[PDB]
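Asker: Here is the sequence, then the experimental structure:
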There are 2 protein chains.
Amino acid sequence: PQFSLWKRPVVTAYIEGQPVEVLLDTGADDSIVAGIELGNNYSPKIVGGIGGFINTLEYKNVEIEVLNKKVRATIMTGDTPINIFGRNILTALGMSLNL
Amino acid sequence: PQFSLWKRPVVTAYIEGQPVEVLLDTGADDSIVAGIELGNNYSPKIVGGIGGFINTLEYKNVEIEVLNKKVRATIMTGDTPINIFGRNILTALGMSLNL
Ligand SMILES: CC[C@@H](c1ccccc1)c1c(O)c2c(oc1=O)CCCCC2
């Protein structure tokens, strides 16, 4: 599909079966989502946002379903004011920025 | 043209003559950059993102030069840790995000 960027490129994803709304971010290197609990392994971690730092948890080998595609990705969880899917999952789906 | 998101989508930009390296961010509604001085014709703004807020000076109708194109868009200066070009500028260049 094609996202015209005239409005926020939002969409539905299922993190291990759980539906959440996310904004596709081409400037971020990683992925952060709030409101999710998982059984995969993890390790604590601090991320730097545009405004400052927040505390997160990082899970690995997390199965994600987006745009009818399934991938095994690494994702962070914490109290973010906006859910985002960064480049790490975008490249695995074959997405590109055209002009 | 087209970027594969395997590498951070960074380009060189020419804002009113002054060169800046910027990141193309589809998750950002606006454009904020640091180091560029554009005059005594500005309006104070505050913007929020992950980790907090940033105080900016909004300048309208600034002349930009990126990807062999000349546009006139709105830029915000402030203390950002990374220079961003958001949806307002990406729509003006006609860029899209495809899967
Ligand atoms: C929330 C969306 C966005 C943003 C940009 C400008 C103003 C307000 C909000 C945003 C990003 O795209 C990234 C980070 O943090 C952010 O807040 C983290 C690090 C930098 C790149 C990605």
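Answerer: Arrived safely. Numbers count the residues shown, from 1 in each chain, chains lettered A, B, ... in the order given.
Asker: Could you tell me which residues of chain A lie near chain B?
Answerer: Listed as neighbours of chain B in chain A under the rule CB under 8 Å from any CB of the partner chain: A:1-6, A:8-9, A:23-29, A:32, A:47-54, A:67, A:80-82, A:84, A:87, A:90-91, A:93-99. Bear in mind the C-beta positions are built from the backbone N, C-alpha and C, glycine included.
Asker: again, 7 Å this time
Answerer: Contact residues, chain A versus chain B (CB under 7 Å from any CB of the partner chain): A:1-6, A:9, A:23-28, A:48-54, A:67, A:80-82, A:84, A:87, A:90-91, A:93-99.
Asker: who touches the helix or strand harbouring residue A:12?
Answerer: For residue A:12, the enclosing helix or strand under DSSP states H and E is strand A:10-15. By CB atoms under 7 Å, 6 or more residues apart in numbering or on different chains, the residues outside strand A:10-15 that reach it are A:19-24, A:33, A:36, A:62, A:64-67, A:85.
Asker: which one among those residues gets closest to the ligand?
Answerer: The ligand has its nearest neighbour among these in residue A:23, at 7.4 Å by CB to the nearest ligand atom.
Asker: Check whether the helix or strand harbouring that closest one comes near the ligand.
Answerer: Using DSSP H and E, residue A:23 falls within strand A:18-24. No: judged by CB under 6 Å from any ligand atom, strand A:18-24 makes no contact with the ligand; its nearest approach is 7.4 Å.
Asker: Show me what that strand is packed up against.
Answerer: Under the contact definition 3 or more CB pairs under 7 Å, 6 or more residues apart in numbering or on different chains; DSSP states H and E, strand A:18-24 sits against strand A:10-15, strand A:84-85.
Asker: if we can go back for a sec, and the residues of chain A next to chain B, which are buried?
Answerer: The neighbour count (16 or more other CB atoms under 10 Å in any protein chain shown) marks A:3, A:5, A:9, A:23-28, A:49-51, A:54, A:80, A:82, A:84, A:87, A:90, A:93, A:95-97 as buried among the residues of chain A next to chain B.
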